[PDB]
Amino acid sequence: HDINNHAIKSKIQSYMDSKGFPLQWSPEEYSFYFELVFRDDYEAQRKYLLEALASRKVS
Amino acid sequence: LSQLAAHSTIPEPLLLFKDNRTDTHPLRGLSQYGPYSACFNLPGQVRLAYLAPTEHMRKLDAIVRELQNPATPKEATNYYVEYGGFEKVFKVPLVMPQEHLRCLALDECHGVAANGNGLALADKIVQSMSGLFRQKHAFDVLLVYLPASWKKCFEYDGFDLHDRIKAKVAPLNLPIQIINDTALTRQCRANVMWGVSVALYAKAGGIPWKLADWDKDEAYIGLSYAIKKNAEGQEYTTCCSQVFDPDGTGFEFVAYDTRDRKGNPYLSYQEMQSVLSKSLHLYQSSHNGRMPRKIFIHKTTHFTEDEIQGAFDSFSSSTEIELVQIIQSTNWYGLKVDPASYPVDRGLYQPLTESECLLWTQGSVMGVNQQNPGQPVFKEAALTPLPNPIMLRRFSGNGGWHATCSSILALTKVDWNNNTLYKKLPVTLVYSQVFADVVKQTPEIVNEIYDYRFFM
Amino acid sequence: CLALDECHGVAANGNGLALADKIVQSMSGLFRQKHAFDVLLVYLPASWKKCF
Amino acid sequence: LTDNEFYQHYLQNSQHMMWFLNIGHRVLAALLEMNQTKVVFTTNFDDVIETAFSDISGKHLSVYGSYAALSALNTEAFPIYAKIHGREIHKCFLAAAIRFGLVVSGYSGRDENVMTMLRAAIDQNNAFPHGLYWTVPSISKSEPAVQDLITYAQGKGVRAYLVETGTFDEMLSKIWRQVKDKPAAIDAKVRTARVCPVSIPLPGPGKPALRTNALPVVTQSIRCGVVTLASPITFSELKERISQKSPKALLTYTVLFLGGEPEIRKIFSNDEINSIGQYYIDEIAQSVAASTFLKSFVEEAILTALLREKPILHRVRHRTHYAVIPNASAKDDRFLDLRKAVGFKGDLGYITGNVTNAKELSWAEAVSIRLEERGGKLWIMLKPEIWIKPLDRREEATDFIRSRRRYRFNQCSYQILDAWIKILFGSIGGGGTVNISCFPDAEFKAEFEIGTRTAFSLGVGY
RNA sequence: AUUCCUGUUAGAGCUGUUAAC
DNA sequence: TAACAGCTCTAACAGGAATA
Ligand SMILES: [Mg+2]
């Protein structure tokens, strides 16, 4: 599944809402999902944020 | 030891309507936004014809005439919304049939009503409607009415009157919405009006609603069977159904036979691989020949060792096959505590063991009720006090309860024949069962595949 | 399938939008058997030239 | 560190993760060809890694001269394959150790040469910067040396971890199913084979919970008796013998029994009986799952043990047992809670009486008690129900059955189930593991300890 | 058969365990 | 192939209408 598909986005968001997570584009969500995925591991969090915003995709 | 795996409550799936305005509650969304196909104007005006004995033509005409007037629900008012009429709710005019289209049931049918011959009665009804074979373009949906006086031939051992009639007419490609005396008594007029209006609109060719944000690359197969009580042994009729979504906005829900003789409801290697080749072809034609990245199969009984390999050998490596068996009868049942005043939430699935989960297809739904806003609604509170959780047994899926559970939960909401919020089973299972009955009654249907709008 | 006779009336009225809508609405009979037909050969008689 | 954390951490940086050691070889061959996890070490032959790589790509694999591994690693000419065969690769492993984190699977240690190899690799300033991950199929089954080395590395400051995953091939399949941007040819080659024995992990217990009707059974094994016969017997003959004799014991064929010896001497004469011995079914769940005779025997044993000392009557309906309330003992104080639960709008509620519109049918409250073998667990399944005194006239009270239960909603059904649990076990579902025993005054008795609290689970949340 | 699936009454098919033929 | 146990489903009827 490609994340920018509407169907896959809706399915993933429904799954997230199934486990009681915040609903939609609401505050304390971005940090919430970061702290959920990386379970308070700031080195791995930094490495992922570096990889996503790395200096190869920037034009 | 009294601790179980954490349950997860799948949210209520959304339905797609006109201008892609989503809503969980189907009838309310139909009132607010209209049918999904209203933007395409696919049905246009709806033109319908009659076929009934002349003595009860006034009652058939009265129900159709009522269809064009508002109705307010008195039963199940906690769920049903005010009806606004076919012209307003569906944004489509309802056409009064002309005398040329209107037909009368031939007299000898009444006579054969005394004889108690179901096959003769069905054939005589088909010959009565034969006056409408040439004028297929004039009308879209036929409204066959069977009077209560024919109840002797309605149902008896080895024969089903509606099943036989639809099995005879489907090859004729005429869409009928059989109406019996039941329609006009279920005290609540809005209930029946929603039912008939949605059935006729979908029967006409329109799509009242579609699964919101449904993946077009996944095909949900469903296999069911039916019993024919042979004199010497038993006969098992197995038929498949597909509910995939093509490249366009079209729903594409079909039913077909799996075929020479079967004494057990378990498809062998050859038969299962053949039917899975056959349903794949229907998906490819609708989807421009692209293969399905994931296949769901819902069988009422467990998959055999040979049957799983048959399902596998029919597809390529890219396809993901999640074989699932759906069990309706289980010893388990759930009670919701926070003791909740309303039963356990619909969609709450509980993973019991590896490849065994409990799905609460039946249950309370939030925000659907009309009266007393902001309160849960239990659809089956009339029949059962508490919901009965169905059980999924996984046989092939690599991983993930969410995929199958959400897919099934959403599938239990696109039964247009059903005028309530949901069902107990995915539409694949119920339509495979209906077509299994149709094929069991009429053996000369096995060759061709049929759409859902015929047998719904 | 067979086009509605109302298409002829619309064509005589010289209304292209309604004519196209009626031609599309005539497709419902083929819609059920969407599985049945891979392609569709839509023909337009010369009498509809006024809306071509 | 749970495998999910290991997968999130391993997937993010698979370019620089070393591997020390059929989907698993196949996924590894695809993973190498893909230039990820450049260096792989191994102990054994398994010459199938290079064969799988050749099948994947079509070119030979460098397999390991004096310092050929050193030359290949230092020149950065990946992918590199070297077998320990246990100091030629020792220098190379130490050189590899700083460059990328290592994960070792399929190895329990037990070899001092590689043990000292790894311990010497740990000491340097930046050793295994990404981490050392030990993946064994089961944590508790691993050798003590592995845990000792993990603790030593953690004390040294390295980020070594011991994570529990499945089999190495299954672990690699789960890893590869989430690796991104893989060429079409590789995916066609591997396709992760096919998963016949589906086994998806149950999530954590987590914390609007639902309360089920299932009572756990923790009695993992029971003791029972065996009788030896000089002649073959059929189950139907035994069943009709019990019906005609009605002993105070439970019988089945697999011939197996539970009760008093004199009852066995009554049911079976001396001539047909050879000897009486004992049977110890070590795994009750597996036994009742494999054999249905054991299932029926065990469920009937639990039923007999459950209503042995209680005034409630025990009935049977389509081979399902029911705990039906007798009319004579319906006035007990223990039923008072049930009197409250059936009661309408907070009043006393009748639990046994006469149906309003039938001549002689008498209705009572009851619960169907069933045995459910789910996974490897036994559950006692309680279903509230309305029993009718004539077994074959039940349908004549159908409307009444619909009338009484019409409003037994979630709160009312919750009260009914709690009251029935209290009646059946005498204690509430808080810290309850009460014990029952069937035929306590017999040589072959069965004691079962049933958890009093019904099974339940809380929805996982943040 | 506008619908929903709750009950009742039965039977079949799958598995098993025995007895064999 | 003939019993036995359980799991599960369909075949025919009957049947009331969604927290009272
Ligand atoms: Mg219908």
# chains A, B, ... in the order shown; residues from 1 in each chain; ligands from 1
>>> interface_residues(of="chain F", to="chain D", cutoff="9 Å", atoms="only C-alpha atoms (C1' of nucleotides)", output="list in words")
residues 3, 4, 5, 6, 19 and 20 of chain F
>>> write_last_selection(atoms="C-alpha atoms (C1' of nucleotides)", output="PDB file, in the first residue's frame")
ATOM      1  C1'  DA F   3     -21.238 -47.404  15.827  1.00  0.00           C
ATOM      2  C1'  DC F   4     -19.785 -43.601  19.203  1.00  0.00           C
ATOM      3  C1'  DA F   5     -18.212 -38.283  20.754  1.00  0.00           C
ATOM      4  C1'  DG F   6     -17.981 -33.073  19.195  1.00  0.00           C
ATOM      5  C1'  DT F  19     -33.885   0.529  26.847  1.00  0.00           C
ATOM      6  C1'  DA F  20     -39.302  -1.123  27.441  1.00  0.00           C
TER       7       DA F  20
END
>>> select_by_dssp(residues="chain C", states="alpha helix (DSSP H)", output="PDB file with N, CA, C and O atoms, in the first residue's frame")
ATOM      1  N   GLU C   6     -37.159   8.973 -26.250  1.00  0.00           N
ATOM      2  CA  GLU C   6     -37.067  10.358 -25.797  1.00  0.00           C
ATOM      3  C   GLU C   6     -35.808  11.034 -26.324  1.00  0.00           C
ATOM      4  O   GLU C   6     -35.748  12.267 -26.395  1.00  0.00           O
ATOM      5  N   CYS C   7     -34.795  10.246 -26.696  1.00  0.00           N
ATOM      6  CA  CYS C   7     -33.604  10.816 -27.317  1.00  0.00           C
ATOM      7  C   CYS C   7     -33.955  11.515 -28.624  1.00  0.00           C
ATOM      8  O   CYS C   7     -33.412  12.580 -28.932  1.00  0.00           O
ATOM      9  N   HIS C   8     -34.861  10.926 -29.406  1.00  0.00           N
ATOM     10  CA  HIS C   8     -35.293  11.563 -30.645  1.00  0.00           C
ATOM     11  C   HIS C   8     -35.993  12.888 -30.369  1.00  0.00           C
ATOM     12  O   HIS C   8     -35.769  13.878 -31.075  1.00  0.00           O
ATOM     13  N   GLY C   9     -36.849  12.924 -29.345  1.00  0.00           N
ATOM     14  CA  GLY C   9     -37.510  14.170 -28.995  1.00  0.00           C
ATOM     15  C   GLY C   9     -36.534  15.241 -28.552  1.00  0.00           C
ATOM     16  O   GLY C   9     -36.660  16.408 -28.932  1.00  0.00           O
ATOM     17  N   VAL C  10     -35.541  14.859 -27.747  1.00  0.00           N
ATOM     18  CA  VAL C  10     -34.528  15.819 -27.319  1.00  0.00           C
ATOM     19  C   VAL C  10     -33.719  16.317 -28.511  1.00  0.00           C
ATOM     20  O   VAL C  10     -33.418  17.512 -28.617  1.00  0.00           O
ATOM     21  N   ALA C  11     -33.354  15.415 -29.426  1.00  0.00           N
ATOM     22  CA  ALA C  11     -32.600  15.815 -30.609  1.00  0.00           C
ATOM     23  C   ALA C  11     -33.398  16.786 -31.467  1.00  0.00           C
ATOM     24  O   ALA C  11     -32.850  17.772 -31.976  1.00  0.00           O
ATOM     25  N   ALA C  12     -34.692  16.518 -31.645  1.00  0.00           N
ATOM     26  CA  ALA C  12     -35.549  17.469 -32.344  1.00  0.00           C
ATOM     27  C   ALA C  12     -35.613  18.799 -31.608  1.00  0.00           C
ATOM     28  O   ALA C  12     -35.666  19.858 -32.243  1.00  0.00           O
ATOM     29  N   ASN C  13     -35.609  18.766 -30.274  1.00  0.00           N
ATOM     30  CA  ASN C  13     -35.552  19.988 -29.483  1.00  0.00           C
ATOM     31  C   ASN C  13     -34.199  20.684 -29.573  1.00  0.00           C
ATOM     32  O   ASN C  13     -34.093  21.846 -29.168  1.00  0.00           O
ATOM     33  N   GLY C  16     -28.250  19.455 -26.659  1.00  0.00           N
ATOM     34  CA  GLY C  16     -27.144  18.514 -26.610  1.00  0.00           C
ATOM     35  C   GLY C  16     -26.939  17.892 -25.241  1.00  0.00           C
ATOM     36  O   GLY C  16     -26.687  16.689 -25.129  1.00  0.00           O
ATOM     37  N   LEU C  17     -27.021  18.704 -24.182  1.00  0.00           N
ATOM     38  CA  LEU C  17     -26.783  18.199 -22.833  1.00  0.00           C
ATOM     39  C   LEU C  17     -27.774  17.098 -22.475  1.00  0.00           C
ATOM     40  O   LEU C  17     -27.383  16.016 -22.015  1.00  0.00           O
ATOM     41  N   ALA C  18     -29.065  17.359 -22.680  1.00  0.00           N
ATOM     42  CA  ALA C  18     -30.077  16.358 -22.370  1.00  0.00           C
ATOM     43  C   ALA C  18     -29.947  15.137 -23.266  1.00  0.00           C
ATOM     44  O   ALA C  18     -30.215  14.017 -22.820  1.00  0.00           O
ATOM     45  N   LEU C  19     -29.536  15.321 -24.523  1.00  0.00           N
ATOM     46  CA  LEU C  19     -29.336  14.174 -25.405  1.00  0.00           C
ATOM     47  C   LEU C  19     -28.214  13.279 -24.896  1.00  0.00           C
ATOM     48  O   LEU C  19     -28.352  12.051 -24.876  1.00  0.00           O
ATOM     49  N   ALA C  20     -27.091  13.876 -24.490  1.00  0.00           N
ATOM     50  CA  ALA C  20     -25.999  13.082 -23.936  1.00  0.00           C
ATOM     51  C   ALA C  20     -26.427  12.388 -22.651  1.00  0.00           C
ATOM     52  O   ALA C  20     -26.095  11.215 -22.425  1.00  0.00           O
ATOM     53  N   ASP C  21     -27.174  13.094 -21.802  1.00  0.00           N
ATOM     54  CA  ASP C  21     -27.666  12.487 -20.573  1.00  0.00           C
ATOM     55  C   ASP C  21     -28.572  11.300 -20.870  1.00  0.00           C
ATOM     56  O   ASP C  21     -28.486  10.265 -20.202  1.00  0.00           O
ATOM     57  N   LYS C  22     -29.444  11.427 -21.872  1.00  0.00           N
ATOM     58  CA  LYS C  22     -30.347  10.335 -22.216  1.00  0.00           C
ATOM     59  C   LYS C  22     -29.589   9.153 -22.807  1.00  0.00           C
ATOM     60  O   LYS C  22     -29.909   7.994 -22.516  1.00  0.00           O
ATOM     61  N   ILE C  23     -28.580   9.423 -23.637  1.00  0.00           N
ATOM     62  CA  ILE C  23     -27.768   8.335 -24.177  1.00  0.00           C
ATOM     63  C   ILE C  23     -27.078   7.584 -23.048  1.00  0.00           C
ATOM     64  O   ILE C  23     -27.035   6.348 -23.042  1.00  0.00           O
ATOM     65  N   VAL C  24     -26.531   8.314 -22.075  1.00  0.00           N
ATOM     66  CA  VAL C  24     -25.880   7.658 -20.943  1.00  0.00           C
ATOM     67  C   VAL C  24     -26.895   6.869 -20.122  1.00  0.00           C
ATOM     68  O   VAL C  24     -26.634   5.731 -19.715  1.00  0.00           O
ATOM     69  N   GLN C  25     -28.069   7.453 -19.872  1.00  0.00           N
ATOM     70  CA  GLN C  25     -29.101   6.774 -19.095  1.00  0.00           C
ATOM     71  C   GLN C  25     -29.630   5.531 -19.793  1.00  0.00           C
ATOM     72  O   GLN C  25     -30.151   4.634 -19.124  1.00  0.00           O
ATOM     73  N   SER C  28     -28.199   1.581 -18.758  1.00  0.00           N
ATOM     74  CA  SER C  28     -28.419   0.833 -17.521  1.00  0.00           C
ATOM     75  C   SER C  28     -28.631  -0.652 -17.790  1.00  0.00           C
ATOM     76  O   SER C  28     -28.194  -1.503 -17.000  1.00  0.00           O
ATOM     77  N   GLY C  29     -29.320  -0.986 -18.882  1.00  0.00           N
ATOM     78  CA  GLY C  29     -29.515  -2.385 -19.216  1.00  0.00           C
ATOM     79  C   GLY C  29     -28.204  -3.117 -19.416  1.00  0.00           C
ATOM     80  O   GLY C  29     -28.068  -4.285 -19.045  1.00  0.00           O
ATOM     81  N   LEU C  30     -27.221  -2.439 -20.008  1.00  0.00           N
ATOM     82  CA  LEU C  30     -25.888  -3.010 -20.136  1.00  0.00           C
ATOM     83  C   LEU C  30     -25.120  -2.952 -18.824  1.00  0.00           C
ATOM     84  O   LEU C  30     -24.277  -3.817 -18.566  1.00  0.00           O
ATOM     85  N   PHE C  31     -25.537  -2.032 -17.944  1.00  0.00           N
ATOM     86  CA  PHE C  31     -24.862  -1.802 -16.636  1.00  0.00           C
ATOM     87  C   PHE C  31     -24.897  -3.050 -15.753  1.00  0.00           C
ATOM     88  O   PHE C  31     -23.859  -3.382 -15.171  1.00  0.00           O
ATOM     89  N   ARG C  32     -26.028  -3.755 -15.701  1.00  0.00           N
ATOM     90  CA  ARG C  32     -26.135  -4.967 -14.847  1.00  0.00           C
ATOM     91  C   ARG C  32     -25.145  -6.041 -15.306  1.00  0.00           C
ATOM     92  O   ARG C  32     -24.688  -6.800 -14.452  1.00  0.00           O
TER      93      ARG C  32
END
>>> interface_residues(of="chain D", to="chain A", cutoff="8 Å", atoms="only C-alpha atoms", output="short mmCIF file (atom, residue, chain, number, x, y, z; two decimals) with N, CA, C and O atoms, in the first residue's frame")
data_model
loop_
_atom_site.label_atom_id
_atom_site.label_comp_id
_atom_site.auth_asym_id
_atom_site.auth_seq_id
_atom_site.Cartn_x
_atom_site.Cartn_y
_atom_site.Cartn_z
N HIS D 9 13.60 -0.97 14.84
CA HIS D 9 15.03 -0.56 14.87
C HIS D 9 15.85 -1.22 13.76
O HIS D 9 16.74 -0.55 13.25
N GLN D 12 14.92 0.30 10.09
CA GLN D 12 15.39 1.68 9.81
C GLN D 12 16.83 1.67 9.30
O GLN D 12 17.11 2.42 8.36
N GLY D 459 -9.60 -2.79 26.36
CA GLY D 459 -9.12 -2.25 25.10
C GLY D 459 -7.80 -1.53 25.27
O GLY D 459 -7.62 -0.73 26.20
N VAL D 460 -6.87 -1.81 24.37
CA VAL D 460 -5.54 -1.20 24.43
C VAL D 460 -5.65 0.28 24.10
O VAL D 460 -6.32 0.67 23.14
N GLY D 461 -5.02 1.11 24.92
CA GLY D 461 -5.04 2.55 24.71
C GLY D 461 -3.73 3.17 25.15
O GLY D 461 -2.84 2.49 25.66
N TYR D 462 -3.63 4.47 24.93
CA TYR D 462 -2.42 5.20 25.28
C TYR D 462 -2.47 5.66 26.74
O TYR D 462 -1.67 5.21 27.56
#
>>> atom_distance(atom1="atom CA of residue 146 of chain B", atom2="atom CA of residue 430 of chain B")
24.0 Å
>>> residues_near_ligand(ligand="ligand 1", cutoff="7 Å", atoms="only C-alpha atoms (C1' of nucleotides) and all ligand atoms", output="PyMOL selection string")
(chain B and resi 177-178+199+417+456) or (chain E and resi 2)
>>> write_last_selection(atoms="N, CA and C atoms (P, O5', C5', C4', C3', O3' and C1' of nucleotides)", output="PDB file, in the first residue's frame")
ATOM      1  N   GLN B 177     -39.011  -7.178  -8.442  1.00  0.00           N
ATOM      2  CA  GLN B 177     -39.064  -6.987  -6.999  1.00  0.00           C
ATOM      3  C   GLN B 177     -40.396  -7.569  -6.539  1.00  0.00           C
ATOM      4  N   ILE B 178     -40.396  -8.875  -6.256  1.00  0.00           N
ATOM      5  CA  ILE B 178     -41.624  -9.561  -5.873  1.00  0.00           C
ATOM      6  C   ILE B 178     -42.211  -8.903  -4.638  1.00  0.00           C
ATOM      7  N   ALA B 199     -34.566  -0.821  -2.946  1.00  0.00           N
ATOM      8  CA  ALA B 199     -34.514  -2.002  -3.800  1.00  0.00           C
ATOM      9  C   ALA B 199     -34.792  -1.646  -5.253  1.00  0.00           C
ATOM     10  N   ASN B 417     -30.680  -4.942  -0.513  1.00  0.00           N
ATOM     11  CA  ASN B 417     -31.922  -5.633  -0.188  1.00  0.00           C
ATOM     12  C   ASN B 417     -32.298  -5.443   1.274  1.00  0.00           C
ATOM     13  N   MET B 456     -31.264  -9.815  -5.713  1.00  0.00           N
ATOM     14  CA  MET B 456     -31.370  -9.093  -4.454  1.00  0.00           C
ATOM     15  C   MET B 456     -32.818  -8.735  -4.153  1.00  0.00           C
TER      16      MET B 456
ATOM     17  P     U E   2     -42.434  -8.882   1.058  1.00  0.00           P
ATOM     18  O5'   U E   2     -41.420  -7.654   1.033  1.00  0.00           O
ATOM     19  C5'   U E   2     -41.159  -6.933  -0.163  1.00  0.00           C
ATOM     20  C4'   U E   2     -40.019  -5.969   0.030  1.00  0.00           C
ATOM     21  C3'   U E   2     -38.796  -6.535   0.731  1.00  0.00           C
ATOM     22  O3'   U E   2     -37.930  -7.211  -0.161  1.00  0.00           O
ATOM     23  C1'   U E   2     -39.389  -4.461   1.710  1.00  0.00           C
TER      24        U E   2
END
>>> atom_distance(atom1="atom CA of residue 367 of chain D", atom2="atom CA of residue 335 of chain B")
16.0 Å
>>> residues_around(residues="segment 419-428 of chain B", least_positions_apart="6", cutoff="9 Å", atoms="only C-alpha atoms (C1' of nucleotides)", output="PyMOL selection string")
(chain B and resi 24-27+79-80+191-192+194-196+198-199+220-224+240-243+253-255+298+326+328+361-362+368+379+390+407-413) or (chain E and resi 2-5)
>>> closest_atom_pairs(of="chain B", to="chain C", cutoff="6 Å", atoms="only C-alpha atoms", output="Markdown table")
| residue | atom | partner | partner_atom | distance |
| --- | --- | --- | --- | --- |
| B:42 | CA | C:25 | CA | 5.2 |
| B:43 | CA | C:25 | CA | 6.0 |
| B:44 | CA | C:25 | CA | 5.7 |
| B:205 | CA | C:28 | CA | 5.5 |
>>> interface_residues(of="chain D", to="chain B", cutoff="7 Å", atoms="only C-alpha atoms", output="PyMOL selection string")
chain D and resi 188+191+195-196+198-206+208-213+216+374-375+381+405-411+414+453-460
>>> interface_residues(of="chain A", to="chain B", cutoff="12 Å", atoms="only C-alpha atoms", output="ChimeraX atom specification")
/A:1-2,5-21,23
>>> closest_residue(among="B:438, B:132, B:227, B:89", to="residue 10 of chain F", atoms="only C-alpha atoms (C1' of nucleotides)")
B:227
>>> residues_around(residues="segment 335-352 of chain D", least_positions_apart="5", cutoff="12 Å", atoms="only C-alpha atoms (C1' of nucleotides)", output="PyMOL selection string")
(chain D and resi 310-312+324-330+361-366+384-389+404-424+426+428) or (chain F and resi 20)
>>> write_last_selection(atoms="C-alpha atoms (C1' of nucleotides)", output="PDB file, in the first residue's frame")
ATOM      1  CA  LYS D 310     -25.120 -27.808  45.608  1.00  0.00           C
ATOM      2  CA  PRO D 311     -28.943 -27.961  45.715  1.00  0.00           C
ATOM      3  CA  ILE D 312     -29.209 -27.113  42.006  1.00  0.00           C
ATOM      4  CA  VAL D 324     -31.435 -26.095  36.287  1.00  0.00           C
ATOM      5  CA  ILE D 325     -32.954 -24.711  39.476  1.00  0.00           C
ATOM      6  CA  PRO D 326     -35.159 -27.243  41.301  1.00  0.00           C
ATOM      7  CA  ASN D 327     -38.576 -26.055  42.419  1.00  0.00           C
ATOM      8  CA  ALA D 328     -38.193 -27.500  45.925  1.00  0.00           C
ATOM      9  CA  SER D 329     -34.905 -25.695  46.640  1.00  0.00           C
ATOM     10  CA  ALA D 330     -35.827 -22.526  44.718  1.00  0.00           C
ATOM     11  CA  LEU D 361     -45.427 -26.688  31.635  1.00  0.00           C
ATOM     12  CA  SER D 362     -43.307 -25.299  34.473  1.00  0.00           C
ATOM     13  CA  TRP D 363     -40.424 -22.941  33.729  1.00  0.00           C
ATOM     14  CA  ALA D 364     -37.212 -22.316  35.640  1.00  0.00           C
ATOM     15  CA  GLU D 365     -33.997 -20.381  35.200  1.00  0.00           C
ATOM     16  CA  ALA D 366     -30.910 -22.361  34.226  1.00  0.00           C
ATOM     17  CA  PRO D 384     -28.203 -18.195  30.835  1.00  0.00           C
ATOM     18  CA  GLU D 385     -31.373 -19.864  29.600  1.00  0.00           C
ATOM     19  CA  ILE D 386     -34.965 -20.673  30.550  1.00  0.00           C
ATOM     20  CA  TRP D 387     -35.569 -24.397  31.033  1.00  0.00           C
ATOM     21  CA  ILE D 388     -38.974 -26.056  30.661  1.00  0.00           C
ATOM     22  CA  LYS D 389     -39.908 -29.112  32.721  1.00  0.00           C
ATOM     23  CA  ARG D 404     -39.243 -13.093  29.744  1.00  0.00           C
ATOM     24  CA  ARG D 405     -35.908 -12.378  28.040  1.00  0.00           C
ATOM     25  CA  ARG D 406     -37.227  -9.497  25.902  1.00  0.00           C
ATOM     26  CA  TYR D 407     -35.609  -6.949  28.242  1.00  0.00           C
ATOM     27  CA  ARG D 408     -32.590  -8.846  29.615  1.00  0.00           C
ATOM     28  CA  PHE D 409     -30.250  -6.172  28.290  1.00  0.00           C
ATOM     29  CA  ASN D 410     -26.562  -5.637  29.046  1.00  0.00           C
ATOM     30  CA  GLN D 411     -27.033  -4.529  32.656  1.00  0.00           C
ATOM     31  CA  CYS D 412     -29.666  -7.183  33.371  1.00  0.00           C
ATOM     32  CA  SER D 413     -27.643  -9.928  31.670  1.00  0.00           C
ATOM     33  CA  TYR D 414     -24.549  -8.797  33.581  1.00  0.00           C
ATOM     34  CA  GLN D 415     -26.462  -9.106  36.852  1.00  0.00           C
ATOM     35  CA  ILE D 416     -27.805 -12.523  35.824  1.00  0.00           C
ATOM     36  CA  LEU D 417     -24.348 -13.839  34.947  1.00  0.00           C
ATOM     37  CA  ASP D 418     -22.771 -12.520  38.149  1.00  0.00           C
ATOM     38  CA  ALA D 419     -25.570 -14.014  40.256  1.00  0.00           C
ATOM     39  CA  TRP D 420     -25.260 -17.371  38.497  1.00  0.00           C
ATOM     40  CA  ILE D 421     -21.484 -17.406  38.994  1.00  0.00           C
ATOM     41  CA  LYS D 422     -22.043 -16.672  42.688  1.00  0.00           C
ATOM     42  CA  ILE D 423     -24.600 -19.490  42.894  1.00  0.00           C
ATOM     43  CA  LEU D 424     -22.372 -21.992  41.092  1.00  0.00           C
ATOM     44  CA  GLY D 426     -20.057 -19.313  46.118  1.00  0.00           C
ATOM     45  CA  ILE D 428     -17.308 -13.315  43.508  1.00  0.00           C
TER      46      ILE D 428
ATOM     47  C1'  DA F  20     -39.302  -1.123  27.441  1.00  0.00           C
TER      48       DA F  20
END
>>> atom_distance(atom1="atom CA of residue 300 of chain B", atom2="atom CA of residue 257 of chain B")
15.7 Å
>>> closest_residue(among="B:53, B:376, B:29, B:367", to="chain F", atoms="only C-alpha atoms (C1' of nucleotides)")
B:376
